[PDB]
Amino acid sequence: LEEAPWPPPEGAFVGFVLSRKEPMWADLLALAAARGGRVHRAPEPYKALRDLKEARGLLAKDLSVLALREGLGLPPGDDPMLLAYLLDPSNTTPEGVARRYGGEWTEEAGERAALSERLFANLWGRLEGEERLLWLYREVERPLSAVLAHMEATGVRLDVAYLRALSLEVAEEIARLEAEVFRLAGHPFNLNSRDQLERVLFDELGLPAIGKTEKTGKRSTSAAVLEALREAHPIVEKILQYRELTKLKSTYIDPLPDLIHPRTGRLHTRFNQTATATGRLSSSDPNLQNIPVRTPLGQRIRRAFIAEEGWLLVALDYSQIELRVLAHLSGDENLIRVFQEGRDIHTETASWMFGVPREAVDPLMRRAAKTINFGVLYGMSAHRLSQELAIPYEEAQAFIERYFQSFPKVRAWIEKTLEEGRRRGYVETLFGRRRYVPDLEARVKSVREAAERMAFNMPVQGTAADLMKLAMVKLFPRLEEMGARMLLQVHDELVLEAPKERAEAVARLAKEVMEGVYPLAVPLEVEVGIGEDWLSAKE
């Protein structure tokens, strides 16, 4: 390689060492590039960030973020990382990617550009005759890296003072319970140590140990275990709530506020692109993809996510996309009809496996269809259905059958793909995204059967993902062409920011933009909500 004066030729391979992961808090320690066999090093990374029109290299989307925060647009472009993730969703980091395709991931912003190139090469080449895959990299992955980039920069408005209020009130409720339980033990004891509670519940108290842990195999103090001891002791209930409050506070009410960027007053997440096996996205430090919403407590927490004054929040959730995906995927004319007839799956499905005159008088039978559907999706075993839903391992066996009688192609599709899996060694989505599953031909019924569940769910997840992924890529442009922003994405639902003025004129659009991203043998339904905060946006 030959050392060259900073000014790099048009379209080189970037390379940069941050002072940490989160581009939003990091400091560009070093900036560099690599074209041909010449290494260009910026004596000053910040300024140099000006001589580039795009980010072409690993974690491209990342340097695009910092650039974005410094006022510079600098969009994210080509990126090996993205290509490997498509060839092998197992490929999730630069370290391993290089350590797998020729190169040592180093700490030099220059050795990195020199790694990227040779990597993009080795990789782009490897893409010989991979139409589908390549369609995803060009039509979805590369473009999306940008949408995310803006997503990260934009950040999210969070009502800190509020969350602070919660923290102190909660802190109290927690304490009242800590006292109650501590008494119920005739002596206090750290309540966060599952170990101490084991010795307290099972040993000290004569409570029946229902199960053990996987790794070490101790007596599990799990929620299921305890719920299963609801009746037994009263201390169980109270301990359950304490676990609730503690989770919510510790993981949300407390850590959130401090993560507010001082230069924005907004929460800046990290939406990782190549980190999932199904092609799903995932968010890091902080993860705003698990913001509570079920308990009263978690709902109040959701409130704390408001929008820039004079604006509003737009929440759009794809109505059960995985089932519909399956529908299109499977072919069960009987299932698809249910979705097309604009009928309530859990209601009609229920009205089928029971041969019940119409959809009448089945209050508990609808609680059923849900699990069967959300069961078949990842193959829930009849036993787990008995435990879960109240039924015997004689009815759980029949339900699975009565259900398939109605939806044959599902079963078929399951076995089809499964088979195909072992022959090929991987499974894919509607667009061609594949996930290798080696243990399909494993002798251990235990491991194999698991391999199957993993192996067969991937398509109805990866696909559903690609769907949204596409949508997100389609939408954003018209977004900016409207002055609105894309805040968060949660696998099958989105959250946007529009000004009170156009706010409602945006929903209508985003909806129809998603609903038809890639029409299927069924219609993609989408619910929408608008409000000053996440909870009220009717998410």
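Superpose the two forms; the largest set of C-alphas matching within 1.5 Å is the rigid core. From 1 onward, residues are counted along the sequence shown.
Of the two stretches examined, 406 to 414 and 311 to 319, the one with higher mean CA deviation in 8 other deposited structures of this protein after a rigid core fit is 406 to 414. Put simply, when the other structures in 8 other deposited structures of this protein are lined up on the rigid core, the C-alpha atoms of 175 to 183 lie farther off than those of the other stretch, from 175 to 183 and 151 to 159.
Of the two segments examined, 239 to 247 and 361 to 369, it is 361 to 369 that shows the higher average Cα temperature factor in the deposited entry.
Stretches 268 to 276 and 335 to 343 differ in mean C-alpha B factor, with the higher average recorded for 335 to 343. Take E152, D317, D78, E395 and read off each C-alpha B-factor from the entry; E395 has the highest. Note on the listed residues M468, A109, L256, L313: the highest Cα temperature factor in the record is that of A109. Annotation for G529: C-alpha temperature factor in the lowest third relative to the rest of the modelled chain, per the entry. The entry lists a Cα temperature factor for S406 that places it in the highest third of the chain's modelled residues. When the modelled residues of the chain are ordered by their C-alpha B factor, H383 lands in the highest third. Among the modelled residues of its chain, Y137 has a C-alpha B-factor that falls in the middle third, as given in the PDB entry. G425 sits in the middle third of its chain by CA B factor, as recorded in the PDB entry.
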